[PDB]
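> I have a structure here, written as structure tokens, and I will follow up with some questions on it.
6 protein chains.
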Amino acid sequence: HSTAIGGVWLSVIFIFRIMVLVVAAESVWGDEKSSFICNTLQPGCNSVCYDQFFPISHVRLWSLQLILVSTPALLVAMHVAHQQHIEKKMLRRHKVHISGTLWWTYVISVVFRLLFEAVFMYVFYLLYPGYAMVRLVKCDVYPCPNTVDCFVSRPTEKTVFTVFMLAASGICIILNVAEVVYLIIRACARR
Amino acid sequence: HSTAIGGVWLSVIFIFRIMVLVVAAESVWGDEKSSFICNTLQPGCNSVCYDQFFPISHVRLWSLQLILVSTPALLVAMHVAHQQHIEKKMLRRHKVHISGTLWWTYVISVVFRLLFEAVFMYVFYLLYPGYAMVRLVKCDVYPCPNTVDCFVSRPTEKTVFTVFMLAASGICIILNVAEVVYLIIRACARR
Amino acid sequence: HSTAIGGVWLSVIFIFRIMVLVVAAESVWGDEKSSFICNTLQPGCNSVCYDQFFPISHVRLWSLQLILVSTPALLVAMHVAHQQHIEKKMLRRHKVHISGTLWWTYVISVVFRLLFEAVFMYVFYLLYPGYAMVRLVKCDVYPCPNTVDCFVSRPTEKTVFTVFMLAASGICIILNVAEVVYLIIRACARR
Amino acid sequence: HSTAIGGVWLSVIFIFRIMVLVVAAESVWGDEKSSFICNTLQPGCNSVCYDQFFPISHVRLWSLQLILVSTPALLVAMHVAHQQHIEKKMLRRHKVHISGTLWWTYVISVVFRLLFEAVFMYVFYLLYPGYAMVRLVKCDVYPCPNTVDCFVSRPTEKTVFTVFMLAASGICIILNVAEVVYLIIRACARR
Amino acid sequence: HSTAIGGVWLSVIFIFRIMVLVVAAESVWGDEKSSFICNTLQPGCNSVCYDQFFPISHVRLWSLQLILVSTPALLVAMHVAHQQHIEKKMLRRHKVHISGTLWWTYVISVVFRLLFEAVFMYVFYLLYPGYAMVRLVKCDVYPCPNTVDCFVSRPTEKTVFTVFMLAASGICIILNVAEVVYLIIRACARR
Amino acid sequence: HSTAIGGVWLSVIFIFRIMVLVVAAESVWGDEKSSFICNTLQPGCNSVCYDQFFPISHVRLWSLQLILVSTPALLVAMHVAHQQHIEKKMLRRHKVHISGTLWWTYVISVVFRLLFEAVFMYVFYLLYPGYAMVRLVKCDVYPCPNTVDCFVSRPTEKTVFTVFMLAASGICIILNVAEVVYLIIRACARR
């Protein structure tokens, strides 16, 4: 069974996040490294400064988050497909038990999706505290001499897309919590 | 139900906007940053000047507008698909109530699409007042010394595509308003 | 209904134009701006000279022309699909009236396609009078000092593809006129 | 009807030519202009020399030849599809006449394909007499001073692919001639 | 027959590995060679240093591992499809023998997949002992004079993706071992 | 009819070769020319040296070999499809004759595939005797003065992929020979 409160909004928002990531990664974040430049004559300063200030790109983090969020759905879909194959073999009490075992698996999958979203949000907070990208950064990593100034490619557009993605992720978290609560309420109402 | 006055023209114009954006983004706006050049020896001036004068690219704004306009249609489609799944479960008074609840949802979706289009048009006006791109821009953002001249890649072609997109968006707004009015008239004629 | 004189040749020639544009845009016109070079030390001269001599690329104009020519077909197809949906609703005098109203819509769509093709041909004539691209151009746009010489990337190949596209467009115009005349003759023969 | 002598071999060889062109154009001919270099300090010499020695690229000529060869097949397919639509309308003496009119159209399409292949082969001979690309070319086109030496990107690989394409085209011409002769023989044997 | 313990988790984890590799190879490892730079004026030092420190790219090794792991599944699928074709020919004792022969083939395919995964993990350990990429490397390969410092493009992101892939591969190995043990237990329980 | 000994292994190994070539060509061999560099100030030395040492790229040779190996299968498939069309026309002694004529065609196709594979292997041996790519090459082709040193992009990775492809091709040759022998044995056993 499915609930219109949680499933439809989750699917549409997840599709929206996919479309936003597809738009952003190809064009906005494409030249994140090539356009990265520092005011220095020291060879190798640009690469080490980019690695220091961008350990992992925003689009890569978003793609990993989307994949990890998607994995429970793939797992439950494959499991139900195998169960229906077993049912088709049987055709060529127990069914109630199968449906019962299916129920908790879906609940656990929803909980795991919520946990994955929260973990990725916390990782994003740890790696990039400020939601807004800055135009100039100060670099002191070896072999850059003293401190040099480096310039990010597209701070404002990246900030806008970051705000969009963060708002979508937060709405997803809230909707997952609400869906879990509504599932609990429905289970209580059954009894 | 559907109305030939609003639905068909909306769909064809939305497809036309998709095709125009696909044509424009790949070629016209591809070198918007790489070809951006300023008359200065100061490192980092090009990137900061591009960020100042182009906080978000036109094609990215158009893609976001198209996605946001599309989201209500995806929501209503998913909701009706879930409702038909519930109907198929029932098969294996109330229907009139379901259709009634469906009606206002579609009306609200149309209103939300109109609001999204208007909001994106206003955002475009705020960010880029002039409809026509200019060949030369004056830059005074740090660390550019005093004021430097910078040159846009394809001002005229970008202006032409901007005019096309703006005309399409305005026609979409007018058609949405007309469709809402015609829906009100039809509802009144029913009673 | 359809006529073999106009519909089949129109469709095959339109597909041929699509294939030719796909071949040309990817390779021939890809480096139209990057390979554009002027004999000067003035920064920004290349971009302003390219914008002056190429306000809009040939491939972009051809793509816009193809899209605008295609839009009436999409409109009529969506409208007939909606009408067949209404017919299926009816199944679950008037039909002759529906077919009659369908007839003039198709005629007007053909006329609009012819007008669009003629308008795009006239625009091409206005923007690029000479059918053949030239190897060297003279530039005096600010900030280029005095007059400088600039060199086009692939004049001869672009000329060949321009001749192909122009011949196809002219044949399309002639075939549209002939189809309109034959439709008039058939309508007269009916009475 | 179809003949195994001509149709199957023609289709498989045409598919082989498509695959060979797809392999060649993406990689072999991709850097034909960017890697083109001349031993001179004169700006604009590279572009004019490339245009002089390569008026149209080999891959573009092959693609145009394939498209033009394909067009008669598309025309006859669309025409027979329209005729079958007319037959389906009739269902909801004359048929023998329709088949007879179909026969000469297919024969003329085959003749046109043969003529197109021969014309493209002659054009290739006129533009590039030598089948083998040369490593060094001598350039005297304005504004190149006196005569300069220019270097082609991949002479040997381009020569190999040119030999492959030319052999395929010649085999296609021979097979088309043989198919026409066999059609004449079969028509005579019918009487 | 299939087991839910091994098959579903294996398939979902293999799909997850495909998605992770698709995300990583296009963007993270794209500029692995172009961005590779060494602090020297000696021509050819960059290429030889990259070849010495990166004999084969991580993404290429992962793709080869995925292909080799996939090959047994393709082999068994093609073999069962041929067997079902033979069964369909028969339709137009022995079946038990066919199923028995099928069983050991699937077991051997699982064992081969486990061996391939272990071999690729050992190869990865041999080529890249440290799981984490380093920012700076020391090069002494001819013709680089003495020892030069070279800088890797994206050490931290590559390290993160390497950890992800290694964890997925190890989980796959453990799951394959568990599936083999469970198959042995089920075979014993049958007797 | 089909044989499980030859057909299934041939198909799976051919698919494996396709996947390996797809992995290799896009990334490994992409910068084979752009990254090619020689220690000289002579313009044009890089291009002529690359042409001398790499007359045709490894990936292009592998793609041509795969296409040529595939062509007999396409020919026999098209021929049997035409024969089944003739059979369907007949439906709307002789069949045994058709099957007999089909048999030798498939045998000849297998022999031609084996010959093509052997010929391409011999061509690879002639063009590149050493299986392993070398880091440094010595160039004396005009206009390079005296002898210069040039550096290959990715010698080790290219060597690994070359070994993979050569092993696959040799296994294909052996399997083709074995399939021919088994076909002869089966034909003898029939009598």
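Protein chains in written order, with the deposited numbering: chain D, 16 to 107, 122 to 220; chain E, 16 to 107, 122 to 220; chain F, 16 to 107, 122 to 220; chain A, 16 to 107, 122 to 220; chain C, 16 to 107, 122 to 220; chain B, 16 to 107, 122 to 220. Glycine included, each C-beta is placed from N, C-alpha and C at the ideal position.
#1: Taking one C-beta from the region 52–62 of chain F and one from the region 162–179 of chain F each time, how about it: are there three or more such pairs within less than 8 angstroms?
#2: At a Cβ cut of 7 angstroms, what residues of the region 77–101 of chain B count as close to chain C, listed as they run along the chain?
#3: Name the chain D residues whose beta carbon is nearer than 9 angstroms to that of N54(C)?
#4: Could you spell out the range, first to last residue, of the alpha helix (DSSP H) harbouring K187(F)?
#5: I'd like to know if the region 61–69 of chain B and the region 123–137 of chain C are in contact, where contact means that at least 3 CB-CB pairs between them fall below 8 angstroms.
#6: Can you round the beta-carbon distance between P87(B) and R142(B) to whole angstroms, since I take them to be within the 8 angstroms contact cut?
#7: Tell me the DSSP secondary structure of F29(C) in three-state form.
#8: What in chain G is Cβ-close to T176(B), meaning under 9 angstroms?
#9: Could you confirm whether any beta carbon from chain D is found closer than 7 angstroms to the beta carbon of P184(E)?
#10: Over what stretch of residues does the beta strand (DSSP E) that includes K167(E) continue unbroken?
#11: State the DSSP-derived secondary structure class of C173(B), mapped to helix, strand or coil.
#12: Can you find the residues in the same chain that come closer than 7 angstroms, C-beta to C-beta, to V170(E), ignoring five residues on each side of it along the sequence?
#13: Excluding the 5 residues flanking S78(A) on each side, which residues of the same chain have their C-beta closer than 7 angstroms to its C-beta?
#14: Could you tell me the distance, in whole angstroms, from the CA atom of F180(D) to the CA atom of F153(A)?
#15: Within 7 angstroms of any Cβ in chain F, is that where the Cβ of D169(A) sits?
#16: Should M93(C) and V23(B) be called a contact, given that it needs their Cβ atoms to be closer than 7 angstroms?
#17: Any idea if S17(A) is buried or exposed, counting beta-carbon neighbours within 10 angstroms, 16 or more meaning buried?
#18: Residues of the region 142–164 of chain F in Cβ contact with chain E at a cutoff of 8 angstroms, in chain order, please.
#19: With 16 as the cutoff for other CB atoms within 10 Å, does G59(B) come out buried or exposed?
#20: Sort out for me which residues DSSP pairs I127(B) with in a bridge.
#21: Enumerate in chain order the residues of its own chain whose CB-to-CB distance from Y135(E) is below 8 angstroms, with the five nearest sequence positions on each side excluded.
#22: Mind checking who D178(E) pairs with in its DSSP beta bridge?
#23: Less than 7 angstroms separating the beta-carbons of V43(C) and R183(C)?
#24: Closest by CA to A196(F), which one among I82(F), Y160(F), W133(F) and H100(F)?
#25: Can you list the residues of chain E that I71(F) reaches, using a CB-CB cut of under 7 angstroms?
#26: Can you tell me whether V139(D) is buried or exposed, with buried defined as 16 or more other CB within 10 angstroms of its CB?
#27: Report the rounded CA-to-CA distance for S72(C) versus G45(D), giving the unit in angstroms.
#28: Give a yes or no on whether the minimum CB-CB distance between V210(E) and chain F is below 7 angstroms.
#29: Looking at the unbroken alpha helix (DSSP H) that takes in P70(C), where does it start and where does it end?
#30: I200(A) and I82(A) look like a contact to me (Cβ under 8 angstroms); what is the Cβ gap, rounded to whole Å?
#31: Check the DSSP bridge columns for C53(B) and list the partner residues they point to.
#32: Using the C-alpha atoms, what's the distance from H97(E) back to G21(D)?
#33: Determine, using beta carbons only, whether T185(E) and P158(F) come nearer to each other than 7 angstroms.
#34: Go through its chain and collect everything with a Cβ distance to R122(B)'s Cβ below 7 angstroms, but skip five positions before and after it.
#35: Indicate whether at least one CB of chain D lies closer than 7 angstroms to the CB of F180(C).
Taking the geometry as given:
#1: Because the criterion of three Cβ pairs below 8 angstroms is met, the region 52–62 of chain F and the region 162–179 of chain F touch.
#2: Answer set for the region 77–101 of chain B: empty.
#3: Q57, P58, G59 and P172
#4: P184 to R219
#5: no
#6: 5 angstroms
#7: helix
#8: Structure shown: chain G not included; protein chains present are D, E, F, A, C and B.
#9: no
#10: Counted as a single uninterrupted DSSP element, the beta strand (DSSP E) harbouring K167(E) occupies residues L165 to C168.
#11: coil
#12: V63, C64 and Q67
#13: Excluding sequence neighbours, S78(A) sits near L36.
#14: 51 angstroms
#15: no
#16: The answer is yes: Cβ separation under 7 angstroms.
#17: The residue in question, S17(A), is exposed, as its Cβ has fewer than 16 Cβ neighbours within 10 Å.
#18: none
#19: buried
#20: None, per the DSSP bridge assignment.
#21: Around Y135(E): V91.
#22: The beta-bridge partner set that DSSP reports for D178(E) consists of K167(E).
#23: yes
#24: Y160(F)
#25: Simply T185, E186 and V189.
#26: buried
#27: 21 angstroms
#28: no
#29: No alpha helix (DSSP H) holds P70(C); DSSP gives it neither H nor E.
#30: Between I82(A) and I200(A) the Cβ distance is about 19 angstroms, and since that is not below 8 angstroms, they are no contact.
#31: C179(B).
#32: 12 angstroms
#33: No, the pair does not count as a contact, with Cβ atoms beyond the cut-off.
#34: none
#35: At a cut-off of 7 angstroms between beta-carbon atoms, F180(C) makes contact with chain D.
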